[PDB]
Each structure stands twice: as structure tokens, then as C-alpha cells.
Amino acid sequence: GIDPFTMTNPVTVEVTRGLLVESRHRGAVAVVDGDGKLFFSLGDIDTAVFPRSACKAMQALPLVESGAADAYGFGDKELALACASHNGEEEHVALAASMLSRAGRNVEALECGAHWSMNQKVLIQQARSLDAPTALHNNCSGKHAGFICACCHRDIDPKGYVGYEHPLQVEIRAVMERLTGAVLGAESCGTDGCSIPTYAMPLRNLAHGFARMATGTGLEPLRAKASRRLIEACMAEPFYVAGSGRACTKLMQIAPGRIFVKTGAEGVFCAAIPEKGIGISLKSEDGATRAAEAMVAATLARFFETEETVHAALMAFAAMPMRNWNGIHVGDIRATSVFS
């Protein structure tokens, strides 16, 4: 059932080995329509959680609403990259560089720092082709290029754009408060991996914000139109949101143009299904990506019970097999029956 106020997270994902549960994850999920009505919840959807990268599409609204995306000729690939936690594959790097170039800037304008890919196969490619990663390899480089472009198009100096009272960060707080109805302030702020603010808010508000983006409900016309554009871009070019081997990219290849998903660090996922009018947010309590992936897939699957092929493809992510170094099947990562 639905409890807006419980503080207790149920077991949402089991990891088996042999015939026994070896590890278990707890978590919380909110599913909300464009009007804010709760369709499904699990666990604590009231305590503030940090969305991390899961809200990058909300943070991309300045890039679109300012007219910068249109002025620089950005299409679906650039918008998807601005919404991305990308693998740092060379396609992502070259596209981020071209976004900066069109605004008259380069990698030196980035304030996010560098890191090696969090995808092991891409990390191996990076190690073999690079002495060290650059800021363009950072998973947030498309988001940050979007920030720099939003500033340059408006003649706002991008220097310091990560700072709490830089005009860009002022604007992003206002956007996020309006979309989500949450109160965003220093007491709920932390610093993200890319050195910008990240604001903790209840999962219910996060899901409602995505439901609004997906449906337009409660949004002024320009924000509704820009939200559609960002959601459609991510669904149209899902490699640019994540990349090779990544669950967000593959989830958005199951039912092309119909499902929006986005991961955040520490086990957050956000999602939306525009044709159903719904937004989803969730978090695995311990922060594991594998648990958040199984949870988002099991939650999405409930909306596709009438379409076997889509349902089966989503359930393949809700129940993932594990193989050891010899290829032997050893167990599975499975969403529990709370999702059924």
C-alpha cells in the first residue's frame, strides 16, 4: 500500500548465490502522475535524498530555455549529452568539445575536474589511448558544457559557474523549486562529484518533478516545451546519456521513444513514461547501482503488462544473471515481490 510517512525501507533487491540469498538491498520508490497523485510507493519517500545526476535533465533547462541550444545548433545528441552521466567514450568527448567550441570556449572553461571511466571496458580503452583523462572525459562534461553555453549565449561570464551564488546556480535552484515543489537551500545542499551544488529533496517531489516534465502539467508553456525537448532528446539519442554497456542506454532501447530513465550516483534512478503521464524516482538505501537498476526496471515493468515483449525485456533487467570468471552461472540479482 501507500504510506507517505514511513521511515522504514523494505528489502527491494536480493542477490543470490547457489540457493541462498547472499546480499540484500533496501530502498524506496515513488510513482506519481502529472497532478501529483501517488500510484505506487515503497519505503521512505518523505526524507530528503540527493538526486545527484538523476536530475541532470532539470539542470539542462537553462541551456534550452535561454535560447542557447538553438543559437548553437544543438540537436538531440547535444541535449542528451547535457543530460548525461556519460562513459567518457571518445564520441562523448568530441561532442562536449564541439559544444564548448561553438560557444567560443574549450576544455579550460570546464570546472569539473577529470576522471577515468566508471565503465571498465571504456576504462581499458582510455588507459590504452591516454596518459590521463581530461575534464572532457568527466561523466558530467556535457552538463557542464551546457552550463557554459547557457552563460555565453546570455553574455554571462561562465567563470565560477559552479559557485552557489553564481547566477547560473541561482537560476537552477529556481527551476528546481518550481518543478518539484521542494524547498532548496544551503541546509539541504551538498557538493556534487563535479563541484556543483546537489540539493536533497523527498523522492515524492523528485518523481512529481519528472511527471510534470513528462506531461507539462502545472508548467508554464516555455518550460513545458523545453522539458518535452529534453526528454525526447534523451530517448532519441540514449547512447549520449550513458554509453556502451550502460543500463540507461539499454533501457531506452527497449521501447524506443516511450521510456525516459536516468541514473544518479549513490543508487538513485529517475524515470518517466510520457504516454502514461507518470514520473518515477527511487533510491537504494545503501547506494548500490545494481539495486537501483533492478528497482527501476521492476517498477517500469508494471506499466507494460499488456505488451509482453516490452514487459519481458524490462523484467530481464529486474532479474539479472551473474556469471563468474569462467562463465559459470552463480546466482542472480532480482527485484523482490514488493514490485509484483
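Note that residue numbering follows the sequence shown and begins at 1.
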{"property": "Mean temperature factor over C-alpha atoms, higher-scoring stretch between 183 to 191 and 87 to 95", "result": "183 to 191"}
{"property": "Stretch with the higher entry mean CA B-factor, where the candidates are 31 to 39 and 295 to 303", "result": "31 to 39"}
{"property": "Identity of residue with top Cα B-factor, from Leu130, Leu81, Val268, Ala233", "result": "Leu130"}
{"property": "Chain third (lowest, middle, highest) by recorded CA B-factor, residue given as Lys56", "result": "lowest"}
{"property": "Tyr161, C-alpha B-factor rank within chain (lowest, middle or highest third)", "result": "middle"}
{"property": "Assigned third (lowest, middle, highest) for the C-alpha B factor of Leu123", "result": "middle"}
{"property": "Record-listed C-alpha B factor of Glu285: chain third", "result": "lowest"}
{"property": "Modelled-residue ranking by C-alpha temperature factor, third containing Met315", "result": "highest"}
